[PDB]
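Written out below as structure tokens is the structure these notes cover.
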Amino acid sequence: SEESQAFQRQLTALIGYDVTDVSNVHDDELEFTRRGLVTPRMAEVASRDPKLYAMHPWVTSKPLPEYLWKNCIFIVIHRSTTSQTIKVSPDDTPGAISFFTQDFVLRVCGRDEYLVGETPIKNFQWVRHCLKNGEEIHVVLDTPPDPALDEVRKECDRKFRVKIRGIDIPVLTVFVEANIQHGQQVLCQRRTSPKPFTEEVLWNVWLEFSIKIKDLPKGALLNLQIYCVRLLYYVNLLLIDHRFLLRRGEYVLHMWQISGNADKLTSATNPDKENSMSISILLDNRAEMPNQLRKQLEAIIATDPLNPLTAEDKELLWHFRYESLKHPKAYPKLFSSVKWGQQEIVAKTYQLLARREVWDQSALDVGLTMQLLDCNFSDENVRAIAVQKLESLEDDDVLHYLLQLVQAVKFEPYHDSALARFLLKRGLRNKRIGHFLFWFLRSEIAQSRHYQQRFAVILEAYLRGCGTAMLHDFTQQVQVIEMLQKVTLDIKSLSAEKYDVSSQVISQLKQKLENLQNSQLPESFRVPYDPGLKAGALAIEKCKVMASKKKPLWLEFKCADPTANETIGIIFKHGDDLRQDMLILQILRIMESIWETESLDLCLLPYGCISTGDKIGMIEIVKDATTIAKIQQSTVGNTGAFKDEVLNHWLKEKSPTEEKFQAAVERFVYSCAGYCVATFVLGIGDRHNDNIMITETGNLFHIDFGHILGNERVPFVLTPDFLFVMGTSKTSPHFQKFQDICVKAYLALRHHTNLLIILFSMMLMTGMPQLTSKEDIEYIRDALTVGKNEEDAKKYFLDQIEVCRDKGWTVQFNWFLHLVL
Ligand SMILES: CC(=O)Nc1cn2cc(-c3cnc(N)c(C(F)(F)F)c3)ccc2n1
């Protein structure tokens with residue numbers, strides 16, 4: 001159809017990739033996947049409530065914590081010019097919320113966030129946020145949005161052998177290494193005779209392996225590698241395809257080049273055919289356990305996810321697999337003990353999987369679930385049982401792991417998978433999940449050519465069922481970004497190099513922002529990091545180019561909804577991959593919930609940050625906040641010392657009331673404790689004063705994580721100015737509190753060691769490609785003191801605090817001289 005052509009044209013603009021393209025393929029996997037996702041799309045579209053999808057009530061079933069609990073809490077309903085307070089019991093349905101003492105709904109003031117459905121007000125994420133900061137709950141009696149706006153446009157036994165013709169490069173010795181991989185485990189490997197490196201190196205070599213055709217497991221990768229000795233080029237091909245048929249025929253595969261990882265596992269070939277290297281291949285093919293052994297595997301199950309299993313361990317786990325099955329924590333270890341290169345062994349594991357019973361009855365463990373979704377597991381059925389457990393997560397918990405789950409797709413062998421279908425279902429059901437799903441997929445499609453083909457199919461399938469409302473919303477969202485991306489790169493051409501922001505560039509920037517406003521930007525656009533907020537017109541006078549080396553843009557927007565007078569601030573940055581920052585901030589958000597289960601709040605500030613395109617994205621501006629280095633630069637001198645007194649001086653100046661100051665010191669103790677614990681675990685503690693900020697209310701927060709993780713020592717920044725606020729020159733009543741929170745927070749994280757280990761490794765494998773080392777990943781274990789006693793590990797973190805005390809401003813001065821030398 002004629003309208004069908006305009007629809008795919010609209011979709012592509014929003015995706016950032018033409019899905020219809022069949023140039024960089026050698027199979028129909030992606031088209032089969034495009035058609036395959038039509039059924040679960042229409043399934044979830046036809047299942048979802050139309051009225052509830054339009055309003056998306058953000059509700060948690062998690063209990064109200066002891067710190068937030070401290071009956072009858074008041075709210076203020078608005079309509080016309082009316083403004084009246086109402087005493088509400090925590091257990092009260094919005095439909096039951098007493099106003100007549102009926103088809104009008106209670107909307108949040110300034111936001112699209114709704115207080116709707118059959119759930120208590122104490123269970124709403126908005127009400128809980130207002131109790132955390134200590135803010136008033138303001139509501140508006142508005143007409144519910146019409147679900148008509150959310151309408152969807154209709155419509156043998158022999159040994160395996162591979163023939164290698166040769167290699168061709170457009171521009172001293174070289175050879176091909178062919179590996180058969182299943183869960184990063186090499187089943188068999190053969191190499192070619194090293195011939196001299198030239199534009200055309202031919203061999204005509206039949207590489208016959210030991211593995212039989214029947215023995216080949218579904219999801220096995222033929223990893224072809226070009227050496228010299230060091231690796232230069234890599235390419236993969238699935239030995240058994242998406243139709244369970246074995247691969248046959250000629251293949252001219254374009255390889256990826258190494259620089260110096262999940263990217264190393266991709267089933268996609270290089271798109272740049274003009275510059276990349278090609279490789280031509282040819283295919284034509286029940287008494288139960290004694291006490292000591294019982295104690296032996298009980299110790300094996302008890303070990304961490306990074307502790308390696310030996311042949312002795314693997315053999316014991318397989319022999320006593322039916323005993324192992326009773327323990328759900330043994331499942332990743334047990335499926336790592338499987339001889340995947342044997343059809344008979346694989347067949348036994350499938351029978352073992354049928355008797356899931358206890359696994360299906362187990363209380364959901366996310367750390368255990370995601371361990372089965374990493375690079376070690378290439379089995380469709382093994383991974384399926386993990387996705388099975390993810391179904392029981394309510395939408396709030398799905399949001400918590402959405403970014404990590406989206407990155408986990410890189411570990412799936414085939415494009416169409418149970419996880420890819422799950423993310424699709426969960427996104428199409430809840431508007432908030434769908435919004436972030438769009439931006440998480442768009443970020444990968446824009447700066448990852450190894451995975452853009454797969455993710456684009458997933459995103460297209462989401463957009464095809466999300467509804468015209470969210471579509472004509474993502475359109476005005478992408479528009480704004482592309483326009484601002486064009487403005488930042490223009491300033492960057494005038495902008496240095498060295499050394500400071502021009503007087504003329506800020507006026508030339510304001511002119512470009514005044515030029516753009518007249519015709520380009522729609523009246524309003526939804527904030528990507530915060531979907532509830534609708535930002536309208538620019539405050540051109542409040543806009544500037546930041547002093548930072550990458551020249552980011554300090555933008556200020558007026559709020560579009562009249563129900564809200566403070567501006568919306570966005571930092572637009574080019575030159576860096578913000579996917580790195582996003583991941584740290586998401587772990588920081590997870591750590592906050594880990595402390596919520598232990599009834600602790602360490603006032604962390606994981607600000608809004610979304611990578612929107614290629615090496616460009618946007619950051620939330622935390623209002624009334626300033627840099628630690630800026631405070632030390634305010635009172636005195638050039639550099640160094642860094643007078644202990646200066647930190648408290650700013651806090652006493654930026655707080656009028658002593659009740660507001662003793663609240664500002666109170667907030668600082670918890671935030672400093674939280675950021676010391678978090679950065680120590682993640683291994684990003686040693687920062688520069690410039691990358692650490694504080695609000696006028698005393699809340700401390702770290703910024704620009706890409707700078708540190710994208711590159712004598714101190715384990716976390718705890719300087720004498722921070723110690724001065726506590727009242728220590730020694731120990732004070734506020735310092736006793738600091739160490740008390742520091743230990744309680746560190747030990748609480750240690751009760752979720754397995755989760756923090758798998759989130760960390762998956763982060764280093766999908767987010768940052770130069771860390772990617774067995775040596776780099778093992779850090780998390782040492783920081784989390786894996787194996788040590790609770791009182792022993794307590795003394796370990798307290799000794800880290802004492803290092804920071806014995807180091808003074810030494811490192812800070814050394815950092816100040818470094819960013820100057
Ligand atoms: C009032 C104010 O200056 N607020 C403020 C500044 N600020 C700066 C950031 C920030 C975070 N990550 C970054 N990479 C940057 C950057 F602009 F690039 F330097 C800045 C985050 C929150 C934040 N809040």
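Letters A, B, ... go to the chains of the structure tokens in the order shown; residues in each chain start at 1; ligands are counted from 1 in the same order.
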
(Q) For residue 414 (chain A), find every residue with an atom within 10 Å (counting only C-alpha atoms), except residues of its own chain fewer than 3 positions away, and show them as a PyMOL selection string. (A) chain A and resi 29-30+33+218-219+238+241-242+266-267+378+380+409-411+417+420+454

Q: Residues up to 6 Å from ligand 1, counting only C-alpha atoms and all ligand atoms: could you list those as a list in words?
A: residues 552, 571, 573, 620, 621, 622, 623, 624, 625, 626, 703 and 704 of chain A

**Q.** Spatial neighbours of region 615-619 of chain A, 6 Å, only C-alpha atoms, chain gap at least 2 places, as an MDAnalysis selection string
**A.** chainID A and resid 570:577 608:613

**Q.** Near-region 186-192 of chain A list (10 Å; only C-alpha atoms; drop same-chain fewer than 4 positions) as a PyMOL selection string
**A.** chain A and resi 164+174-182+203-211+216-217+220-227+339-342

Limited to C-alpha atoms, could you put the picked residues into a file as a compact mmCIF listing (two decimals), in the first residue's frame?
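And here is the file that came out, again.txt:
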```
# COMPACT_ATOMS: atom_id res chain seq x y z
CA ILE A 164 38.73 -22.56 3.47
CA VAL A 174 49.04 -14.87 8.40
CA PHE A 175 46.77 -17.95 9.17
CA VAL A 176 43.09 -18.92 9.89
CA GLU A 177 42.07 -20.45 13.28
CA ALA A 178 38.61 -22.09 13.24
CA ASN A 179 37.01 -22.71 16.67
CA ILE A 180 33.69 -24.46 17.47
CA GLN A 181 32.25 -22.53 20.46
CA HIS A 182 29.29 -23.20 22.80
CA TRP A 203 44.77 -22.07 0.80
CA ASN A 204 42.02 -24.52 -0.43
CA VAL A 205 42.37 -26.33 2.97
CA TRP A 206 39.84 -28.83 4.37
CA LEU A 207 39.87 -28.36 8.18
CA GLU A 208 38.52 -31.70 9.51
CA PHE A 209 37.65 -31.60 13.24
CA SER A 210 37.18 -34.43 15.83
CA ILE A 211 33.48 -33.55 16.57
CA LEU A 216 26.97 -30.44 17.22
CA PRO A 217 24.84 -28.50 19.78
CA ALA A 220 27.42 -23.59 18.27
CA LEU A 221 29.51 -20.86 16.60
CA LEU A 222 32.16 -21.39 13.92
CA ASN A 223 34.56 -18.66 15.10
CA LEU A 224 37.03 -17.81 12.31
CA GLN A 225 40.12 -15.82 13.39
CA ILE A 226 43.05 -14.20 11.47
CA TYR A 227 46.44 -14.21 13.35
CA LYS A 339 29.72 -31.94 28.01
CA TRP A 340 27.91 -29.86 25.33
CA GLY A 341 30.04 -31.50 22.59
CA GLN A 342 28.14 -34.80 23.19
```

Q | Long-range neighbours of residue 419 (chain A) as a list in words, 10 Å cut-off, only C-alpha atoms, 5 positions minimum in chain | A |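 These residues fall inside the cut-off: residues 373, 383, 384, 386, 387, 388, 390, 405, 406, 408, 409, 412, 424 and 425 of chain A.
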
Could you dump the residues just selected with N, CA and C atoms as a short mmCIF file (atom, residue, chain, number, x, y, z; two decimals), in the first residue's frame?
```cif
data_model
loop_
_atom_site.label_atom_id
_atom_site.label_comp_id
_atom_site.auth_asym_id
_atom_site.auth_seq_id
_atom_site.Cartn_x
_atom_site.Cartn_y
_atom_site.Cartn_z
N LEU A 373 21.91 -16.07 31.89
CA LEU A 373 21.72 -15.25 30.68
C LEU A 373 23.03 -14.57 30.18
N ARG A 383 18.64 -21.15 28.97
CA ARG A 383 18.34 -19.72 29.03
C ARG A 383 16.85 -19.47 29.21
N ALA A 384 15.99 -20.31 28.59
CA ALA A 384 14.53 -20.24 28.66
C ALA A 384 13.99 -20.35 30.10
N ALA A 386 15.52 -19.31 32.75
CA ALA A 386 15.89 -18.06 33.42
C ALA A 386 14.81 -17.02 33.11
N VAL A 387 14.47 -16.83 31.80
CA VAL A 387 13.43 -15.91 31.31
C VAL A 387 12.07 -16.24 31.97
N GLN A 388 11.81 -17.55 32.18
CA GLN A 388 10.63 -18.11 32.85
C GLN A 388 10.48 -17.49 34.26
N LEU A 390 11.80 -14.58 35.22
CA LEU A 390 11.69 -13.13 35.07
C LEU A 390 10.23 -12.65 34.94
N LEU A 405 19.12 -6.15 31.20
CA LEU A 405 18.38 -7.16 30.44
C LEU A 405 18.50 -6.89 28.94
N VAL A 406 18.48 -5.60 28.54
CA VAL A 406 18.61 -5.16 27.14
C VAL A 406 20.03 -5.51 26.65
N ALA A 408 21.87 -7.89 27.97
CA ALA A 408 21.96 -9.35 28.07
C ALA A 408 21.59 -10.06 26.75
N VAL A 409 20.88 -9.36 25.84
CA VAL A 409 20.46 -9.83 24.51
C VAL A 409 21.68 -10.12 23.63
N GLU A 412 22.63 -13.75 23.60
CA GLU A 412 21.73 -14.71 22.96
C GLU A 412 22.34 -15.17 21.62
N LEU A 424 9.99 -7.26 24.69
CA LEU A 424 8.96 -6.81 23.76
C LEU A 424 7.59 -6.79 24.47
N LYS A 425 7.21 -7.90 25.15
CA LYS A 425 5.95 -8.04 25.90
C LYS A 425 5.84 -7.01 27.02
#
```

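Interatomic distance, CA of residue 254 (chain A) to CA of residue 279 (chain A): 6.5 Å.
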
Q. For residue 661 (chain A), which residue out of A:311, A:402, A:636, A:697 is the nearest one, using only C-alpha atoms?
A.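 Selected residue with least distance to residue 661 (chain A): A:697.
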
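Pairwise distance (CA of residue 539 (chain A), CA of residue 558 (chain A)) equals 6.6 Å.
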
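One finds CA of residue 458 (chain A) at 8.1 Å from CA of residue 441 (chain A).
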
Q. Among region 28-98 of chain A, which residues carry a DSSP assignment of helix (DSSP H, G or I), reported as a list in words?
A.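 Filtering region 28-98 of chain A down to helix (DSSP H, G or I) leaves residues 29, 30, 31, 32, 33, 34, 35, 36, 38, 39, 40, 41, 42, 43, 44, 45, 46, 47, 50, 51, 52, 53, 54, 55, 66, 67, 68 and 69 of chain A.
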
Q | Residue contacts of residue 277 (chain A) (6 Å, only C-alpha atoms) excluding same-chain residues fewer than 3 positions away, as a list in words | A |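 My reading of the contact set: residues 168, 169, 254 and 255 of chain A.
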
Those selected residues, please, written with C-alpha atoms and delivered as a CSV table (one decimal), in the first residue's frame.
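Written output follows (selection05.csv):
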```csv
chain,number,residue,atom,x,y,z
A,168,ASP,CA,41.0,-10.9,0.6
A,169,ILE,CA,42.0,-7.5,2.0
A,254,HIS,CA,33.3,-9.7,6.1
A,255,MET,CA,35.3,-9.7,9.3
```

Q: Rank A:709, A:540, A:484, A:726 by their smallest atom-to-atom distance to residue 776 (chain A), using only C-alpha atoms, and report the top residue only.
A: A:709

All residues 10 Å or closer to residue 298 (chain A), only C-alpha atoms, same chain fewer than 5 positions away omitted, as a compact mmCIF listing (two decimals) with N, CA, C and O atoms, in the first residue's frame:
```
# COMPACT_ATOMS: atom_id res chain seq x y z
N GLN A 292 30.70 -37.11 53.18
CA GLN A 292 31.82 -36.28 52.70
C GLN A 292 31.61 -35.72 51.30
O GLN A 292 32.00 -34.58 51.04
N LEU A 293 30.98 -36.51 50.41
CA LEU A 293 30.68 -36.08 49.04
C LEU A 293 29.53 -35.09 49.07
O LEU A 293 29.53 -34.13 48.28
N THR A 303 30.09 -21.58 46.63
CA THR A 303 31.06 -20.64 46.05
C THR A 303 30.40 -19.58 45.15
O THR A 303 29.29 -19.79 44.66
N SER A 324 21.98 -32.30 42.90
CA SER A 324 22.29 -30.91 42.55
C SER A 324 21.03 -30.13 42.19
O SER A 324 20.90 -28.96 42.55
N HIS A 327 18.95 -28.00 44.66
CA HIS A 327 19.51 -26.70 45.00
C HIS A 327 19.45 -25.75 43.78
O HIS A 327 20.19 -25.97 42.81
N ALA A 330 22.71 -24.08 42.48
CA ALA A 330 23.65 -24.98 41.81
C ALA A 330 23.49 -24.97 40.30
O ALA A 330 24.44 -25.33 39.60
```

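The residue that comes closest to residue 592 (chain A), out of A:392, A:671, A:567, A:349 and on the basis of only C-alpha atoms, is A:671.
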
Assign secondary structure with DSSP using the backbone only, and return the residues of region 606-723 of chain A in strand (DSSP E) as a short mmCIF file (atom, residue, chain, number, x, y, z; two decimals) with N, CA and C atoms, in the first residue's frame.
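Resulting contents of part-v4.cif:
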```
data_model
loop_
_atom_site.label_atom_id
_atom_site.label_comp_id
_atom_site.auth_asym_id
_atom_site.auth_seq_id
_atom_site.Cartn_x
_atom_site.Cartn_y
_atom_site.Cartn_z
N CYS A 609 20.33 10.38 32.90
CA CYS A 609 21.36 10.30 31.87
C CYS A 609 20.97 9.25 30.83
N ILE A 610 20.78 9.68 29.57
CA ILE A 610 20.42 8.79 28.45
C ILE A 610 21.29 9.07 27.24
N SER A 611 21.92 8.01 26.69
CA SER A 611 22.70 8.12 25.45
C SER A 611 21.63 8.10 24.35
N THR A 612 21.50 9.20 23.60
CA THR A 612 20.44 9.37 22.59
C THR A 612 20.88 9.07 21.15
N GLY A 613 22.17 9.20 20.87
CA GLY A 613 22.74 8.95 19.55
C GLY A 613 24.19 8.51 19.59
N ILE A 616 26.86 10.97 21.80
CA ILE A 616 26.07 12.12 22.23
C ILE A 616 24.81 11.67 23.01
N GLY A 617 24.44 12.44 24.03
CA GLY A 617 23.29 12.19 24.89
C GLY A 617 22.98 13.35 25.80
N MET A 618 22.08 13.15 26.79
CA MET A 618 21.73 14.25 27.70
C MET A 618 21.70 13.86 29.18
N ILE A 619 22.16 14.80 30.02
CA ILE A 619 22.29 14.68 31.47
C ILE A 619 21.34 15.65 32.19
N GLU A 620 20.74 15.20 33.31
CA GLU A 620 19.86 16.01 34.16
C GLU A 620 20.70 16.96 35.00
N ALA A 625 23.01 22.83 43.14
CA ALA A 625 24.23 22.06 43.40
C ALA A 625 25.49 22.68 42.80
N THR A 626 26.64 22.46 43.46
CA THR A 626 27.94 22.95 42.97
C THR A 626 29.07 21.95 43.29
N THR A 627 30.16 22.06 42.53
CA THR A 627 31.37 21.24 42.60
C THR A 627 32.16 21.48 43.90
N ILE A 692 33.02 15.61 41.86
CA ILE A 692 32.19 15.36 43.05
C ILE A 692 31.44 16.65 43.37
N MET A 693 30.11 16.57 43.51
CA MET A 693 29.26 17.73 43.78
C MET A 693 28.48 17.63 45.09
N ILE A 694 27.92 18.77 45.54
CA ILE A 694 27.10 18.90 46.74
C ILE A 694 25.97 19.91 46.49
N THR A 695 24.76 19.60 46.99
CA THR A 695 23.60 20.48 46.87
C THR A 695 23.60 21.46 48.05
N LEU A 700 25.56 15.11 48.79
CA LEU A 700 26.75 14.87 47.97
C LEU A 700 26.45 13.86 46.85
N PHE A 701 27.06 14.05 45.66
CA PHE A 701 26.89 13.17 44.50
C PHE A 701 28.05 13.24 43.50
N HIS A 702 28.51 12.06 43.03
CA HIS A 702 29.58 11.92 42.03
C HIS A 702 29.01 12.13 40.63
#
```

Q. Of the residues A:456, A:643, A:397, A:231, which is the one nearest to residue 20 (chain A), using only C-alpha atoms?
A. A:456

Counting only C-alpha atoms, which residues of region 692-785 of chain A sit at most 9 Å from some atom of region 648-654 of chain A, and what is each one's closest atom pair with its distance in Å to one decimal, listed by chain and rising residue number, as a Markdown table?
```
| residue | atom | partner | partner_atom | distance |
| --- | --- | --- | --- | --- |
| A:696 | CA | A:654 | CA | 5.7 |
| A:697 | CA | A:651 | CA | 8.0 |
| A:698 | CA | A:651 | CA | 6.9 |
| A:721 | CA | A:648 | CA | 7.6 |
| A:722 | CA | A:648 | CA | 8.4 |
| A:724 | CA | A:648 | CA | 7.0 |
| A:725 | CA | A:648 | CA | 5.3 |
```

Could you turn the residues from that selection into a file that holds C-alpha atoms, as a PDB file, in the first residue's frame?
```
ATOM      1  CA  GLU A 696      22.613  23.545  49.015  1.00  0.00           C
ATOM      2  CA  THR A 697      20.710  20.962  51.178  1.00  0.00           C
ATOM      3  CA  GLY A 698      24.004  19.079  51.842  1.00  0.00           C
ATOM      4  CA  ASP A 721      37.004  18.991  54.391  1.00  0.00           C
ATOM      5  CA  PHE A 722      34.445  16.106  54.451  1.00  0.00           C
ATOM      6  CA  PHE A 724      35.588  18.770  59.065  1.00  0.00           C
ATOM      7  CA  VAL A 725      31.774  18.772  58.418  1.00  0.00           C
TER       8      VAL A 725
END
```

**Q.** Closest of A:347, A:52, A:77, A:14 to residue 431 (chain A) - atom-to-atom distances counting only C-alpha atoms
**A.** A:52
